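Participant:
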Amino acid sequence: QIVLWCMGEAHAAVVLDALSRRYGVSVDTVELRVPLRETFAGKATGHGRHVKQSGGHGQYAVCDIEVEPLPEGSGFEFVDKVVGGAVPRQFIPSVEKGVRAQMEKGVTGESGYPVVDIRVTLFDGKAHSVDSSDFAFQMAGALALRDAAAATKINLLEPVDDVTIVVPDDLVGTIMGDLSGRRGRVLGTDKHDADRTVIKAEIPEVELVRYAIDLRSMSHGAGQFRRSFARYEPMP
Amino acid sequence: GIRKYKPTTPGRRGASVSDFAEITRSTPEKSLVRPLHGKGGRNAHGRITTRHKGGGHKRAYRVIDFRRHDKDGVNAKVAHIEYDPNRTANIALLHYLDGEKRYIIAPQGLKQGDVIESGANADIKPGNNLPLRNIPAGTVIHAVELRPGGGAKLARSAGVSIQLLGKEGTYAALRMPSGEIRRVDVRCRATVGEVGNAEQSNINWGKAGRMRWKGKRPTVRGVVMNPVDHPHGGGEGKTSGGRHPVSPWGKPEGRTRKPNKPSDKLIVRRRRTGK
RNA sequence: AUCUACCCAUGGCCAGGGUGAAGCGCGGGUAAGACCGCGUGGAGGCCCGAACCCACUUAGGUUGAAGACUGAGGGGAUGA
RNA sequence: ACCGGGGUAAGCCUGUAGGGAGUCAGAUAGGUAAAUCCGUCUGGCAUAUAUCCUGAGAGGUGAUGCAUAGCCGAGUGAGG
RNA sequence: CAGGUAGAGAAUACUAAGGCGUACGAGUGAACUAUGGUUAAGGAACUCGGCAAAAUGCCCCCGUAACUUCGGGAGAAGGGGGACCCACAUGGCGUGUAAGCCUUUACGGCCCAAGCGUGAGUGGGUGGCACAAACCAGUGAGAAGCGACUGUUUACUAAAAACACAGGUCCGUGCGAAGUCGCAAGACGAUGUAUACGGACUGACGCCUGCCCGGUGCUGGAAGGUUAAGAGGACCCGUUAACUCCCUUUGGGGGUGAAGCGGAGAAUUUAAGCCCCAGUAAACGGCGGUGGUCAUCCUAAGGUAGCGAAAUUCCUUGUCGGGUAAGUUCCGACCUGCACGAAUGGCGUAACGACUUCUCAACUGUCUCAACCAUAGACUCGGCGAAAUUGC
Ligand SMILES: [Mg+2]
Ligand SMILES: [Mg+2]
Ligand SMILES: [Mg+2]
Ligand SMILES: [Mg+2]
Ligand SMILES: [Mg+2]
Ligand SMILES: [Mg+2]
Ligand SMILES: [Mg+2]
Ligand SMILES: [Mg+2]
Ligand SMILES: [Mg+2]
Ligand SMILES: [Mg+2]
Ligand SMILES: [Mg+2]
Ligand SMILES: [Mg+2]
Ligand SMILES: [Mg+2]
Ligand SMILES: [Mg+2]
Ligand SMILES: [Mg+2]
Ligand SMILES: [Mg+2]
Ligand SMILES: [Mg+2]
Ligand SMILES: [Mg+2]
Ligand SMILES: [Mg+2]
Ligand SMILES: [Mg+2]
Ligand SMILES: [Mg+2]
Ligand SMILES: [Mg+2]
Ligand SMILES: [Mg+2]
Ligand SMILES: [Mg+2]
Ligand SMILES: [Mg+2]
Ligand SMILES: [Mg+2]
Ligand SMILES: [Mg+2]
Ligand SMILES: [Mg+2]
Ligand SMILES: [Mg+2]
Ligand SMILES: [Mg+2]
Ligand SMILES: [Mg+2]
Ligand SMILES: [Mg+2]
Ligand SMILES: [Mg+2]
Ligand SMILES: [Mg+2]
Ligand SMILES: [Mg+2]
Ligand SMILES: [Mg+2]
Ligand SMILES: [Mg+2]
Ligand SMILES: [Mg+2]
Ligand SMILES: [Mg+2]
Ligand SMILES: [Mg+2]
Ligand SMILES: [Mg+2]
Ligand SMILES: [Mg+2]
Ligand SMILES: [Mg+2]
Ligand SMILES: [Mg+2]
Ligand SMILES: [Mg+2]
Ligand SMILES: [Mg+2]
Ligand SMILES: [Mg+2]
Ligand SMILES: [Mg+2]
Ligand SMILES: [Mg+2]
Ligand SMILES: [Mg+2]
Ligand SMILES: [Mg+2]
Ligand SMILES: [Mg+2]
Ligand SMILES: [Mg+2]
Ligand SMILES: [Mg+2]
Ligand SMILES: [Mg+2]
Ligand SMILES: [Mg+2]
Ligand SMILES: [Mg+2]
Ligand SMILES: [Mg+2]
Ligand SMILES: [Mg+2]
Ligand SMILES: [Mg+2]
Ligand SMILES: [Mg+2]
Ligand SMILES: [Mg+2]
Ligand SMILES: [Mg+2]
Ligand SMILES: [Mg+2]
Ligand SMILES: [Mg+2]
Ligand SMILES: [Mg+2]
Ligand SMILES: [Mg+2]
Ligand SMILES: [Mg+2]
Ligand SMILES: [Mg+2]
Ligand SMILES: [Mg+2]
Ligand SMILES: [Mg+2]
Ligand SMILES: [Mg+2]
Ligand SMILES: [Mg+2]
Ligand SMILES: [Mg+2]
Ligand SMILES: [Mg+2]
Ligand SMILES: [Mg+2]
Ligand SMILES: [Mg+2]
Ligand SMILES: [Mg+2]
Ligand SMILES: [Mg+2]
Ligand SMILES: [Mg+2]
Ligand SMILES: [Mg+2]
Ligand SMILES: [Mg+2]
């Protein structure tokens with residue numbers, strides 16, 4: 001999505017009017033969606049069986065992989081331990097890429113968020129003389145991923161961003177009171193200058209869409225703040 | 001009561017229908033029904049003698065007892081009150097303790113289950129039939145005879161009643177629903193009470209077809225006709241004289257009751273018009 | 001009155017698709033109500049449109065295929 | 001792979017889905033006479049998936065038959 | 001009677017069973033005529049007039065104005081998607097056999113792997129100029145007039161603003177009624193009974209017209225010449241410049257007559273006698289106070305300006321604007337004492353219209369300005385073979 005950032009409300013109205021007038025941009029305001037990711041909460045194994053006998057090249061492939069939960073930031077990993085070359089080496093990339101696409105499409109329903117920090121561990125599979133194919137093995141790995149994900153929980157993570165809150169020293173109490181109701185934690189209140197105070201805090205991204213406007217309204221223009229994604233936290 | 005249609009269609013904008021509240025049964029007694037075919041307004045010659053009549057829904061005749069003399073001292077109870085296409089009022093069905101079923105006009109306020117008794121000794125409750133000499137002066141009656149034994153002829157339509165003004169010698173002086181005073185022999189019979197469906201006159205039929213279902217055909221005005229067809233055009237009317245209407249057969253306005261009539265000796269006074 | 005106008009008795013016909021009246025039930029409102037939403041329901045000289053019935057425009061015909069038609073469009077089509 | 005077959009009534013059995021229906025006794029002149037029939041009034045026993053009536057269709061029989069996809073040979077055309 | 005595939009369909013396209021090639025032909029790029037098709041650039045400039053053509057057309061999502069009788073207007077308008085392959089998907093839904101469960105065991109009930117059928121959606125990919133690819137299949141918006149609406153109408157030049165209509169008003173009819181058909185008997189009205197029937201005019205619905213019970217009428221019935229307190233809810237009372245004439249006595253009433261302003265409270269409803277009041281009005285009236293808006297009460301023939309009900313109508317006897325380059329319909333505002341009429345015959349009106357008039361968008365051979373293609377004729381050959389007309 002394309003996101004327009006404005007200082008406040010009147011300037012936002014002015015810029016949207018200019019866009020719809022100087023350039024004829026007919027648009028409607030919509031909710032801004034924050035980035036989100038998915039992670040595994042437990043370890044499980046999967047079984048993927050594929051049979052598709054179409055009019056071109058007959059496709060049939062079976063794969064058996066293993067997935068384990070990994071710490072946030074680990075990224076995607078793959079370990080292969082097939083014994084005796086049961087599945088062809090040329091099709092290992094096919095299965096791999098099928099699993100990568102399947103985990104990209106998500107595992108939590110049709111709205112599965114990008115699964116991250118997961119290791120796929122292939123061990124077993126069956127092969128056919130003619131029915132083996134790139135696409136076949138791709139889906140076989142995909143379905144193995146579905147079966148593995150179906151056995152344990154999937155945890156959602158939201159990106160917490162470091163927020164540097166600069167408010168006058170007399171208004172630090174207000175920020176402490178309101179951020180307390182904002183599920184926020186305060187890592188310090190460093191005096192920015194003689195009047196304002198830099199506040200060290202990290203807050204979930206969902207809470208930071210409207211932070212600037214309320215900060216400026218409460219500070220009567222004395223509110224300046226910075227945001228920077230730090231890490232990911234599960235749903236409270 | 002009257003149920004008003006919602007204006008979902010130009011044919012039903014201001015229309016209304018009779019809320020058939022008093023009706024108990026939706027079918028007639030099989031033995032009291034007689035066949036009946038429309039005529040279109042044509043007499044035995046085949047010519048149109050009454051215009052604007054024809055078509056209309058098929059209907060069957062219910063045998064109504066206008067001659068309640070056979071059963072005196074035999075009480076009856078009303079079985080149902082039901083619909084009758086042939087007349088404006090509803091018809092009540094009487095089960096006689098004797099064991100005979102009969103039909104009468106349903107009077108006002110008559111409910112299912114009441115007891116109807118006739119003769120000289122009957123009470124003055126609504127629905128009871130009495131010879132006129134036994135009816136105290138001042139009550140409201142309906143379905144009155146003209147000659148002693150000829151059957152009821154007067155005050156039959158819905159919401160219609162007459163006031164028994166008094167008695168003298170052999171004759172009782174009555175007031176017609178039209179408002180005139182008429183004398184009738186006190187040996188005639190009459191039923192106590194008004195006639196039901198007092199809200200009949202408030203029905204708004206709403207569309208031309210609804211009146212066509214009732215067997216009435218459209219009327220063409222006389223002015224839009226040719227002089228060979230209707231004597232209007234000549235004489236005007238309007239606000240000049242009194243020849244405002246002329247009948248299609250050339251007759252002007254005026255009194256149409258035949259002068260020098262026997263019954264004229266019985267008429268205490270004629271009705272009055274014109275505020 | 002085997003054409004046509006009107007009426008009378010007795011039969012028949014009206015593909016397909018929409019909209020969604022009263023009534024009934026639940027919920028809200030209220031002391032009770034007006035009324036308001038959600039379901040059932042399937043009204044109506046209701047809507048779109050074949051058969052069927054008409055005849056608004058236009059072209060042709062005009063010693064015609066026809067002494068009133070044809071081709072394209074057109075109106076009504078559960079109702080007087 | 002393709003082509004062609006992949007049939008058979010009324011009637012007679014059975015009585016399903018659906019629909020409908022209280023039963024017994026007494027009295028009674030109202031039904032041109034008379035009625036055990038029909039009405040009307042009294043009671044008694046009944047709410048039963050009890051019973052009866054009606055009733056599409058399924059199933060059996062009709063049918064060891066009839067018809068049929070096809071296969072054979074003849075020559076007017078007969079025959080299987 | 002009603003096959004199959006698409007389709008919502010008995011539409012349309014193709015086709016099965018079945019039935020036809022139907023009765024003058026054979027040729028030939030003439031003009032011209034008819035019916036089809038296409039057209040550069042422009043797009044109503046054509047014309048009395050967008051006549052005729054062209055255009056829109058389906059399904060699914062989204063989104064819908066003035067006004068209103070609250071039903072509509074509305075499919076308003078406007079915007080986006082539509083093909084094929086694959087995956088989700090051994091999914092979902094429908095049906096239901098095997099297996100299983102249950103019961104008053106039977107033409108029983110529940111669930112139901114398999115089998116068959118079938119959408120809708122999301123994601124990715126492929127192809128074309130084009131995916132509702134053919135056939136089929138709304139043009140839309142605004143303003144004025146008339147008629148409320150659906151209908152009916154001059155078979156064969158007029159479908160409308162004409163007729164009808166639902167609603168309204170008046171008149172007649174007390175009952176083998178009035179009316180009608182018949183010389184009559186008889187019949188319809190009606191197996192009806194004044195909330196009914198017949199005749200006349202008007203024609204949905206909505207909105208603005210005012211003053212009041214003495215005499216005389218009419219009418220029903222004691223409301224009443226005498227009237228119990230209380231129920232019954234506008235005024236009088238407390239409060240007056242200018243005047244031209246007045247009537248009374250410790251200030252108010254007419255004419256030219258200006259505005260004003262509150263609270264004690266005026267009778268139908270509740271009881272006694274012949275006569276009566278009361279109900280009704282410009283239908284027997286009636287035009288004057290009082291207050292409003294039938295309340296004490298005062299005035300017989302005149303629907304008659306009633307009233308002076310600012311939506312007023314040729315009202316360019318002008319001053320203007322709006323629309324077009326050039327303005328018709330029409331739209332607005334101001335003058336014209338006299339015109340000029342509708343208060344029950346006149347202004348309004350949503351919805352509806354093969355109605356009349358006008359504007360805009362889209363679209364096009366209507367036009368600038370015509371060209372080309374095919375059929376059916378014309379034309380050539382063979383066969384059959386007319387007609388109107390006709391002093392020569
Ligand atoms: Mg005869
Ligand atoms: Mg009439
Ligand atoms: Mg009736
Ligand atoms: Mg009426
Ligand atoms: Mg109406
Ligand atoms: Mg008329
Ligand atoms: Mg005429
Ligand atoms: Mg005329
Ligand atoms: Mg004639
Ligand atoms: Mg004459
Ligand atoms: Mg005349
Ligand atoms: Mg007049
Ligand atoms: Mg007139
Ligand atoms: Mg005069
Ligand atoms: Mg006169
Ligand atoms: Mg519904
Ligand atoms: Mg409802
Ligand atoms: Mg219709
Ligand atoms: Mg229509
Ligand atoms: Mg016709
Ligand atoms: Mg010619
Ligand atoms: Mg010809
Ligand atoms: Mg034609
Ligand atoms: Mg046609
Ligand atoms: Mg049509
Ligand atoms: Mg139609
Ligand atoms: Mg086969
Ligand atoms: Mg019996
Ligand atoms: Mg059988
Ligand atoms: Mg078909
Ligand atoms: Mg067809
Ligand atoms: Mg064939
Ligand atoms: Mg030829
Ligand atoms: Mg030639
Ligand atoms: Mg040619
Ligand atoms: Mg052409
Ligand atoms: Mg062109
Ligand atoms: Mg072009
Ligand atoms: Mg134009
Ligand atoms: Mg010109
Ligand atoms: Mg022009
Ligand atoms: Mg012109
Ligand atoms: Mg046209
Ligand atoms: Mg066209
Ligand atoms: Mg809409
Ligand atoms: Mg639309
Ligand atoms: Mg519109
Ligand atoms: Mg068991
Ligand atoms: Mg069981
Ligand atoms: Mg089973
Ligand atoms: Mg492309
Ligand atoms: Mg259309
Ligand atoms: Mg059409
Ligand atoms: Mg006007
Ligand atoms: Mg004009
Ligand atoms: Mg009309
Ligand atoms: Mg009108
Ligand atoms: Mg019409
Ligand atoms: Mg004509
Ligand atoms: Mg027309
Ligand atoms: Mg015509
Ligand atoms: Mg006409
Ligand atoms: Mg009328
Ligand atoms: Mg009338
Ligand atoms: Mg007579
Ligand atoms: Mg009258
Ligand atoms: Mg008249
Ligand atoms: Mg009207
Ligand atoms: Mg008229
Ligand atoms: Mg008019
Ligand atoms: Mg007068
Ligand atoms: Mg004028
Ligand atoms: Mg001008
Ligand atoms: Mg004008
Ligand atoms: Mg008048
Ligand atoms: Mg007007
Ligand atoms: Mg209008
Ligand atoms: Mg029209
Ligand atoms: Mg040229
Ligand atoms: Mg030719
Ligand atoms: Mg020749
Ligand atoms: Mg000759």
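Residue numbers (the numbering used here), protein chains in the order written: chain A, 1 to 236; chain B, 1 to 275. Backbone N, C-alpha and C define an ideal beta-carbon position, used for all residues, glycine too.
1) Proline 107/B: which of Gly119/B, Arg156/B, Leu97/B sits nearest, CA to CA?
2) Please report the straight-line C-alpha distance between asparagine 204/B and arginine 51/B, rounded to a whole angstrom.
3) On the three-state DSSP scale, how would you describe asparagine 197/B?
4) Closest to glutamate 180/B by CA distance: which of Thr273/B, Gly149/B, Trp213/B is it?
5) By Cβ distance below 7 Å, which residues in the same chain neighbour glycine 11/B in space, the five residues on each side in sequence not counted?
6) Between which two residues does the alpha helix (DSSP H) containing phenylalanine 135/A stretch?
7) Beta strand (DSSP E) containing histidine 11/A: first to last residue?
8) From this set, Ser201/B, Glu117/B, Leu132/B, which residue's C-alpha is nearest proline 126/B's C-alpha?
9) According to DSSP, which residues form a beta bridge with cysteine 63/A?
10) When burial is assigned at 16 or more other CB atoms within 10 Å of the CB, is residue 288/A buried or exposed?
11) Use the C-beta contact count for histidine 232/B: other C-beta atoms within 10 angstroms, 16 or more gives buried, fewer gives exposed.
12) Pick from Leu179/A, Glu205/A, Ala194/A, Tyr211/A: whose alpha carbon is nearest that of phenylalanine 229/A?
13) Please check the pair residue 276/B and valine 74/B, which I expect to be a contact at CB under 8 Å, by giving their CB distance rounded to whole angstroms.
14) State yes or no: is the C-beta of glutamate 194/B within less than 8 Å of the C-beta of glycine 1/B?
15) Spatial neighbours of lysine 71/B within its chain, please: CB distance less than 7 Å, with the 5 preceding and 5 following residues excluded, ordered by chain position.
16) Measuring only from the beta carbon, is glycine 46/B closer than 7 Å to any heavy atom that is part of ligand 1?
17) With a Cβ-Cβ cutoff of 8 Å, do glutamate 207/A and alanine 148/A count as a contact?
18) Among the residues of its own chain, which have a CB less than 6 Å from the CB of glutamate 72/A, if the five just before and after it don't count?
19) Would the beta-carbon of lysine 207/B be found less than 7 Å away from any heavy atom of ligand 5?
20) Thinking C-alpha only, which one of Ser54/A, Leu143/A, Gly109/A, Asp193/A is nearest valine 62/A?
21) Please classify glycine 166/B: does DSSP put it in a helix, a strand, or coil?
22) Taking the continuous alpha helix (DSSP H) assigned at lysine 191/A, which residues delimit it?
23) Suppose the cutoff is 7 Å on Cβ atoms and the five residues either side in sequence are ignored; what does the same chain contact list for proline 252/B look like?
24) Keeping to the same chain, check which residues put their C-beta closer than 6 Å to that of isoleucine 64/B; ignore five residues upstream and five downstream.
25) In three-state DSSP terms, what is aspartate 214/A?
26) Just to confirm, is the Cβ distance from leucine 156/A to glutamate 38/A under 8 Å?
27) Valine 268/B lies in the beta strand (DSSP E); which residues open and close that run?
28) Any contact of the region 86–106 of chain A with the region 131–145 of chain A, i.e. 3+ C-beta pairs under 8 Å?
29) Per DSSP, what are the beta-bridge partners of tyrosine 103/B in this structure?
30) Hey, how far is the Cα of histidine 220/A from the Cα of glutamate 9/A?
31) Please report the residue range of the beta strand (DSSP E) in which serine 54/A lies.
32) Please tell me whether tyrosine 61/B and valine 33/B are closer than 8 Å, where the distance is taken between their beta carbons.
Facilitator: According to the data block:
1) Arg156/B
2) 23 Å
3) coil
4) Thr273/B
5) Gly206, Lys207
6) 134–149
7) Looking at the DSSP string, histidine 11/A is not in any beta strand (DSSP E); the run it does join, the alpha helix (DSSP H), is 10–22.
8) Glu117/B
9) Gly48/A, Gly125/A
10) Since the first and last residues shown for chain A are 1 and 236, residue 288/A lies out of range.
11) buried
12) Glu205/A
13) Since the first residue of chain B shown is 1 and the last is 275, residue 276/B is not available in this structure.
14) no
15) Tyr96, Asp98, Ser118
16) yes
17) no
18) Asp117, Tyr232
19) yes
20) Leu143/A
21) strand
22) Looking at the DSSP string, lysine 191/A is not in any alpha helix (DSSP H), and its letter there is neither H nor E.
23) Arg243, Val246
24) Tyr103
25) helix
26) yes
27) 267–269
28) yes
29) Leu93/B
30) 15 Å
31) No beta strand (DSSP E) holds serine 54/A; DSSP gives it neither H nor E.
32) yes
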